Structures are given as structure tokens and as C-alpha cells.
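K.L.:
Sharing a structure with you now.
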Amino acid sequence: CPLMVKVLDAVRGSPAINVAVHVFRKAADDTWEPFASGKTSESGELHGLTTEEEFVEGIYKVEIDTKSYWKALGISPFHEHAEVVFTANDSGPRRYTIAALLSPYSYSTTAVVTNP
Amino acid sequence: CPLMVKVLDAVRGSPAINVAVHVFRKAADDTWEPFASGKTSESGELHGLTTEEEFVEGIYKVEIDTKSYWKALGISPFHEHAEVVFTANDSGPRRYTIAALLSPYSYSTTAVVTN
Amino acid sequence: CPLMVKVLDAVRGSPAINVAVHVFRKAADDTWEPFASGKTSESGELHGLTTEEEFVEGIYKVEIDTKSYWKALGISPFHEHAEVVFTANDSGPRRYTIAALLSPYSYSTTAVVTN
Amino acid sequence: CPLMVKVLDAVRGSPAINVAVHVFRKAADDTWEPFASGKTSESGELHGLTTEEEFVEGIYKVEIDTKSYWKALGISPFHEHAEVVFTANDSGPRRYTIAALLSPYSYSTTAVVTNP
Ligand SMILES: COc1cc(O)c2c(=O)cc(-c3ccc(O)c(O)c3)oc2c1
Ligand SMILES: COc1cc(O)c2c(=O)cc(-c3ccc(O)c(O)c3)oc2c1
Ligand code: NA
Ligand code: NA
């Protein structure tokens, strides 16, 4: 898979398990079209969102459902979600790992991009 | 003003100057309505976006134009922009500072909410 | 003052108040010599640590007592402290702000160096 | 191995390769004794620093040689190194991953702690 999402919990020092993730792709009319979705596993990772064939050039938005995550742990957090927006595959196919590190009032996100 | 945005550059160890910032309010039909905008100052800060009277409870989005910032420095970045989406809540402290720390392939954002 | 320390709490979205901070200078024999210290204020800031005359070039270490901060809030943390080690350089801009953003199992630190 | 170090480069969007790491353990006299060292691989990971038997309770310091890393890439960075200091194994053996995300004037570090 050319798109993977990894989420960590900075309060617990653990993977962030059962985090919902929705991916969108900007359409020709400039709307955000639903592209793929899933949830993180016990390891904090979400694999299998898409395929090399389907993951064409485009502008993609990875929404990480942080508020839904934190509230289930009894924490009222600040953000609604984390949104990671990027152009993909503009120089040919790449593999993308989107990582996020979550706290109730803060998050950081990183991308690791590799050429297969 | 109840909303301030502060932007820092983790590559040069400096405020991120002249960065465009757009704030939107979520409307009843779920679209994003322009609310306020500006450019960060020489200190990386953008003050005066709104007033107590206008900044009612609701969902807001702060978009920070990170891509143009990095391109003006000759650096190829990953993200189109950084987006910070949150609910304004009258029960909490009254002053919101949205801080962002920028790198070409990463950013971190924080909310400092005080009285 | 050429050196300021700012500490933020990523769990509560607030300044980190009453955090002990110790600054050390590296001596010729490689040991760490106490240099300045204090506690962060209600704004999470510690001003007045040193002066231009005393803050000569060299290697400095800023230790932030994060463990005591989290324990006073009833939260079990990972780190003993956060340590920031850097060289002061007269060629660069003259004012150093060392910022730290704290979580129980993580921290991030940044240097904002300006004139 | 119960101690692993992972390092990422926030400028390049890549693993941070060939980063030197020195681990110390506080001795009874309160000095920092050299405990293990190594360097990150092509994946940004450093495995095999220690063993379950040798990684006893203690206060450990993981020094990540960030300045040496960045200068080789033609970047004069701010910090000398990142130092991650923590008590380990105080409630019995655990597995620790120390992760760091590096920029020239900033870094963030996280721990993921698991119970085997
Ligand atoms: C199990 O421990 C791991 C494993 C990873 O793959 C990762 C990873 O891929 C990325 C990061 C990370 C660390 C600090 C940040 O501020 C950030 O945005 C990301 O942590 C990990 C920790
Ligand atoms: C001038 O120095 C300052 C001043 C500030 O108010 C701030 C501030 O409000 C927040 C942060 C900050 C630091 C690290 C992060 O990972 C992050 O997301 C934010 O840095 C500052 C630095
Ligand atoms: Na192209
Ligand atoms: Na014990």
C-alpha cells in the first residue's frame, strides 16, 4: 500500500488505537470527494487504505478523528480533528506514511515519503 | 481580541513572517464561511482578527499558508497548508492562542487557552 | 536579557506554571557549572536569568523539571526532566528563547533566536 | 531488545540515517556511566543496543547526536544533541521505543512503552 497512517498517544506513551481516519481527494470541481477510510489497529497503524492503481496524482486530505478518540478516554480535547493536506504522486508514484502524535490540546504530524 | 495566531519556523529558529492565515466559521449547512484573515507580523504573530462580540461559540478553522512560506524561501514543502479546527467554548478561558511550529515535512500545533 | 525560557502544557492547553528551570554552563573540564535558575511565572515564562555581559559564548544546558510538574498534577510522566543543550554564538541574533511543549510521554523544544 | 531508538528528519521527510546514539546509566555515585551506543540504520532505527538481562532498573540517558547529523548535511543546527532521560523498569521489565523528530532548530521526542 502506498498510503499508511500511524498515530501515537503522548499522554499514555502508546499507540493510539481505534482512531478513525477519513481520506478525501480534491475533485475537478474543487470539492472533497471521499476516497478511503479506516481505523488504526492495536499498533496505532492503518494499512490497506488504497492501491497503487487507485492512488493517482491529486490533492489529498487525511482527516484523523482525534476528538472522537480522546472523548472515549474521558478527555474533552481542543481540536475537532487533525487534517493533513498534501499533493501526492506529482513526480510519479511514492509511498507516504502520515504520522501523528496526539495530546489533548496539541498534535504534531509528519510525513515520510519514499520512492519504491 | 480573543483569538491570536503565532507561527514559528523550526528550520531557521525564527518567527515565520508574512505567512497568510485565513479563519473560517462553520455555517449551519456545514460549509466554511470566511471569518477573518491576515498575514503574520515580524514577530510571527497575527493580532486583531476578531472581537469578543463576533467570536461566538461554534466550530472554526484556521488555515495557515505554509506552502507559500516555504516556497518563498526556496524550500520544497510537503503540505498544502496547515489546518487547525476547533470549537470555541464560552465555558473555557477567554483567550485562544493557536500556535504552529513549521518544518518542511512536519508541523505541530498547540492551543493555549487562558484568561 | 539574552535568554528566556517558555514552557507550555499540551494536556491542559495552558502555560506550565511554577516549573523549575536550571541553566548550566559547560566548564573547561567538561563538567556542568550552575549558571542561573528560577521558576516559570503564571505565563509559563522565566525572564531575567542572565545579562548580556555574563552570557558569553559557550555550551549551555537548560534543564526543565518536567517530572515534578506532572506529579503535582497527579499525572505519571515518562521523563526525569527535559534537557536543552546548545552553543551560544555571538554571530547569530542576540536574543534566545528556548520554548518547550510538554506532554506526559513526549516533549518538543524549539529555539527562537532573534534581534 | 527492550530498548529501540527511531529518528526522523522533518526537513527531508525521511528516516534520519547514520545518527549516532550514546546511552548512559546513572551509577551509584551519580555519574553517567556508558551503557551502549550505536547508529541508526537506513530505516532510521537503532536495534540491538542491549538485552533483557543487562537492561536493569535505573535512570538512563539516551543522547542522540543531532548536531553531528545535521552538519554532515550542510546545516549548522542549534542543539548539541537531544538528551532523553528516564527511569526504566521500575515496575518490572518493559520495552521502550524512544522516537525523535528532528529539525535544525527544534526537535520532539516521544516514548512508547509496552509490557511484553
Ligand atoms: C513506536 O514508536 C514510534 C514508531 C514510529 O513509527 C513513529 C513515527 O513514525 C513518527 C513519530 C513521531 C514522533 C514525534 C513527533 O512529533 C511526530 O509527529 C511523529 O513517532 C513514532 C514512534
Ligand atoms: C518566541 O518563542 C515562542 C513564543 C511562544 O509564544 C511560543 C508558543 O506559544 C508555542 C510554541 C511551541 C513550541 C513547540 C511546539 O511544538 C509548538 O507547537 C508550539 O513556541 C513558542 C515560542
Ligand atoms: Na508531474
Ligand atoms: Na519498583
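We're sticking with Swiss-Prot numbering for chain D, so the shown stretch reads 30-145, in order.
This deposition comes from X-ray crystallography, 1.4 Å.
Here the Cβ of each residue, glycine as well, is placed from N, Cα and C on the backbone.
According to Swiss-Prot:
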- D:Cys30: sulfocysteine (MOD_RES)
- D:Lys35, D:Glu74, D:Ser137: L-thyroxine binding site (BINDING)
- D:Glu62: 4-carboxyglutamate (MOD_RES)
- D:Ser72: phosphoserine (MOD_RES)
- D:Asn118: N-linked glycosylation site (CARBOHYD)
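Describe each of these features in terms of where it is and what it packs against.
P.N.:
A 10 Å cutoff on Cβ-Cβ distances gives D:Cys30 (sulfocysteine) a total of 13 other Cβ atoms nearby, all chains included.
Around D:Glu74 (L-thyroxine binding site), the same-chain residues at least 6 positions away in sequence with a Cβ under 8 Å from its Cβ are D:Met33, D:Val34, D:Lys35, D:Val36, D:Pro44.
D:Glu62 (4-carboxyglutamate) counts 13 other C-beta atoms within 10 Å of its own C-beta, drawing on all protein chains shown.
The DSSP secondary structure for D:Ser72 (phosphoserine) is coil.
Following the DSSP three-state reduction, the secondary structure of D:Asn118 (N-linked glycosylation site) is coil.
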K.L.:
Which ones, out of the recorded positions D:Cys30, D:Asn118, D:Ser137, lie near enough to chain A that their C-beta is under 8 angstroms from one of its C-beta atoms?
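P.N.:
Out of D:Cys30, D:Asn118, D:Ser137, D:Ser137 lie under 8 Å of chain A.
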K.L.:
Per 10 Å Cβ neighbour count, which of the recorded positions D:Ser72, D:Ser137 ranks highest?
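P.N.:
Going through D:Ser72, D:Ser137 one by one, the largest Cβ count within 10 Å is at D:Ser137.
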K.L.:
As a check: which entries in D:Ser72, D:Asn118, D:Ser137, the recorded positions, place their Cβ less than 6 Å from an atom of ligand 1?
P.N.:
D:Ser137
K.L.:
Restricting the comparison to the recorded positions D:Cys30, D:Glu62, D:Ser72, D:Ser137, which residue's C-alpha is spatially nearest the C-alpha of D:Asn118 (N-linked glycosylation site)?
P.N.:
D:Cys30
K.L.:
Distance between D:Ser72 (phosphoserine) and D:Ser137 (L-thyroxine binding site) at the Cα atoms, whole Å?
P.N.:
18
K.L.:
What subset of the recorded positions D:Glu62, D:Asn118, D:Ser137 has a Cβ sitting under 8 Å from a Cβ of chain B?
P.N.:
D:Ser137
K.L.:
Write down the Cα-Cα distance for D:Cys30 (sulfocysteine) and D:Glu62 (4-carboxyglutamate), rounded and given in Å.
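P.N.:
D:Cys30 (sulfocysteine) has its Cα 20 Å from the Cα of D:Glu62 (4-carboxyglutamate).
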K.L.:
Run a quick check on D:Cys30, D:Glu62, D:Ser72, D:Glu74, D:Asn118, D:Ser137: which of these recorded positions have any Cβ-Cβ distance to chain C under 8 Å?
P.N.:
D:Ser137
